[PDB]
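Reading the structure
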Amino acid sequence: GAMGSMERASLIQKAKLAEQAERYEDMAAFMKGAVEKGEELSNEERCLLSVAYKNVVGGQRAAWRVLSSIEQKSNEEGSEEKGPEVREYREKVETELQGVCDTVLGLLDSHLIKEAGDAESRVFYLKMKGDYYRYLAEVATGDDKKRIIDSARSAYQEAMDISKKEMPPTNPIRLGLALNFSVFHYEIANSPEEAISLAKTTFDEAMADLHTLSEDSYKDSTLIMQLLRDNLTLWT
Amino acid sequence: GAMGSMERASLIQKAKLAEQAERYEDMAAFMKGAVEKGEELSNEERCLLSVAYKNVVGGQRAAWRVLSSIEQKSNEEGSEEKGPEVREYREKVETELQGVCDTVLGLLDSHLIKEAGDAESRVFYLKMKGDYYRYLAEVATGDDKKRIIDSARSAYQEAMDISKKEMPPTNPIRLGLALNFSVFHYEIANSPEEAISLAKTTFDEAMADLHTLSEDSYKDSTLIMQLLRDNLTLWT
Amino acid sequence: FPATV
Amino acid sequence: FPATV
Ligand SMILES: *SCCN(C)[C@H](O)C(C)(C)Oc1ccc(Cl)cc1
Ligand SMILES: *SCCN(C)[C@H](O)C(C)(C)Oc1ccc(Cl)cc1
Ligand SMILES: [Mg+2]
Ligand SMILES: [Mg+2]
Ligand SMILES: [Mg+2]
Ligand SMILES: [Mg+2]
Ligand SMILES: [Mg+2]
Ligand SMILES: [Mg+2]
């Protein structure tokens, strides 16, 4: 790895600089190098990892959706044949996206998840595993598409089971997991009723636990509760 | 070149798709491949080339300025020694920026400028040459810094001389050249009075030529005149 | 698109 | 920063 010669602390320092500069590809490369040092990640370092790759793959997904829409329009009735270029370029972006997802899933599998014993780290990594299988599912069309969807579901479900046992209902990681698993149900698994039920039950159980929280924890939890509410409003 | 096997028209088609997807690194790579086919560029293709690299290097400059500011703060009185990481990462971004500028200047030199005979193409390419030497000048600190600045000045000056002889004062390329050469005077050459004089004289001469224009040409010209006015307001 | 974090 | 095109 090109980061093998850099100190772990220097990689973390530069990941933070890259975030300040909005250089998310650099940020992800630095955090990949930090993970490959083999030591477990702190809470803050897990956030740096997640932010970096979320921004990289988010840009790729946005581009893929633009190109897929152009491609679909080109194959509708009355469109003029434009050649293979749209499909080729959509495939190029799709392959790069899949490459990033495979890289993240590889970091989780070698060996972040197996060494994560605390609820806060294990649920965080399993949520990430569900997320990046979800991104693979968004572009999947072949023989393994159902297996990709089930890999996302399985990771989310293990994370949910741990989070319900080991975390309070206002924990922001538990909330963000439920938010994303709900989106998985709605957008990937064709289960809008499950998506809505999960978002509503998550919101209501967090609401009833807010009274236990400090002002700063309250702000963190209500932020993600509002995202649950936004989705419910979009879906109902 | 990795684009040597793709059709020129396919590269142009994909550059336009990349712009729609806001994938400006791809857009620049496609347009670099198109230039390297060896044929002259159309007006529209020159715009695609300029837009692609303007967006790539613009992001690099923005990042370099963030990192340079952090670096300067770290070397002020009372700051805690943080090690070489800030300088290293600023240098990494700076080297990548210089690489992009050298690539663009290489396309202009081999062989866009020497084959550009019409005023609209020659002035466009010479403006670009001034621009990318200006970006090199923004980060320059060594023995050749004055020569980099003079390379920018020389390219801008040849473009100005042709534009004043061969283009009406409302021509958007003439206007954009004058805008950027004015910024060169203000920000690079430490000549704010020349910057202001050039922006004002350019604005006034275009104002007096607006009456000759159609509605659509009027919109194009007044758009860049407003940028001249914005700079004058910033500078006075 | 719906919100995810 | 000043405007350039
Ligand atoms: S862990 C990245 C930083 N967090 C605190 C985010 O910026 C926000 C969106 C505010 O919060 C969460 C992100 C992810 C998760 Cl799993 C939970 C909360
Ligand atoms: S050539 C790229 C497209 N042009 C038309 C630009 O979008 C704007 C900024 C509107 O106009 C100009 C760009 C460059 C130049 Cl040299 C002149 C006008
Ligand atoms: Mg070490
Ligand atoms: Mg594919
Ligand atoms: Mg249930
Ligand atoms: Mg050919
Ligand atoms: Mg340097
Ligand atoms: Mg003069």
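Residues numbered from 1 in each chain as written, not as in the entry; some residues may be left out. Chains lettered and ligands numbered in written order. Heavy atoms only, no water. Residues with missing side-chain atoms left out of burial classes, pairs and counts.

Turning to the packing of aromatic side chains, a few remarks are in order. A ring pair, where both rings are aromatic, is described by two values, the distance of the centres and the angle of the planes. This structure, assessed with the given rule, holds 14 aromatic pairs over all chains. When the centroid spacing of 4.4 Å and the interplanar angle of 5 degrees are considered together, the rings of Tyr186(B) and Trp235(B) count as stacked. One end of the pair, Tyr186(B), is in helix 7 (residues 172-187); the other, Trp235(B), is in helix 9 (residues 215-235), with 49 residues separating them in the sequence. Given the relative accessible area of 9%, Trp235(B) is considered buried. Among the aromatic side chains, those forming a connected cluster through ring pairs are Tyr156(A), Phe181(A) and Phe184(A). The aromatic ring of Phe203(A) is capped on one face by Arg229(A), whose charged end is 4.3 Å from the ring centroid. (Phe/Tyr/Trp six-rings, centres within 6.5 Å; stacked < 30°, edge-to-face > 60°. Helix = DSSP H or I, 4+ residues; strand = E, 2+ residues; numbered from the N terminus. Buried < 20%, exposed > 50% of the residue type's maximum accessible area, 1.4 Å probe, protein only. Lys NZ or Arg CZ within 6 Å of the ring centre and 35° of its normal.)

So, about the interface of chain C and chain A. Listed per partner, the contact involves five residues of chain C and 14 residues of chain A. Carbon and sulfur atoms supply 64% of the area that chain C and chain A bury against each other, a total of about 770 Å² over both sides. Considering only the surface of chain C that becomes buried against chain A, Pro2(C), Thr4(C) and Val5(C) emerge as the three largest contributors, covering 75% of it. At the junction of chain C with chain A, the criterion picks out zero salt bridges. In this assembly, chain C and chain A are joined by four residue pairs in polar contact. For the side of chain C that touches chain A, the class distribution of residues is four nonpolar, one polar and no charged. (Contact = heavy atoms within 4.5 Å. Buried area = accessible area lost by both parts, 1.4 Å probe. Salt bridge = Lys/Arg side-chain N within 4 Å of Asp/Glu carboxyl O. Polar contact = N/O pair within 3.5 Å; in protein donor to acceptor, adjacent residues only side chain to side chain. Nonpolar A, V, L, I, M, F, W, Y, C, P; charged D, E, K, R; others polar.)

Least-squares fitting of chain B to chain A yields an RMSD of 0.0 Å, with the transformation described by 0.0 Å of translation along the axis and a rotation of 180 degrees. Both copies are brought into coincidence by an operation consistent with a two-fold rotation axis. If distances are taken from each C-alpha of chain B to the rotation axis, the shortest is found for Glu25(B), at 6.2 Å. Comparing interface residues between copies, 100% of those in chain B also lie at the interface in chain A; the contact surface is shared. (Least-squares fit on C-alpha atoms.)

This brings us to the site of ligand 2. Around ligand 2, the neighbouring residues are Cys47(B), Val51(B), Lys127(B), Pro172(B), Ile173(B), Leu223(B), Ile224(B) and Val5(D). Ligand 2 sits at the junction of chains B and D, each of which supplies nearby residues. For the shell around ligand 2, the secondary structure elements donating two or more residues are helix 3 (43-74), helix 7 and helix 9 of chain B. Taken together, the residues that form the shell around ligand 2 break down as seven nonpolar, no polar and one charged. (Near = heavy atom within 4 Å.)

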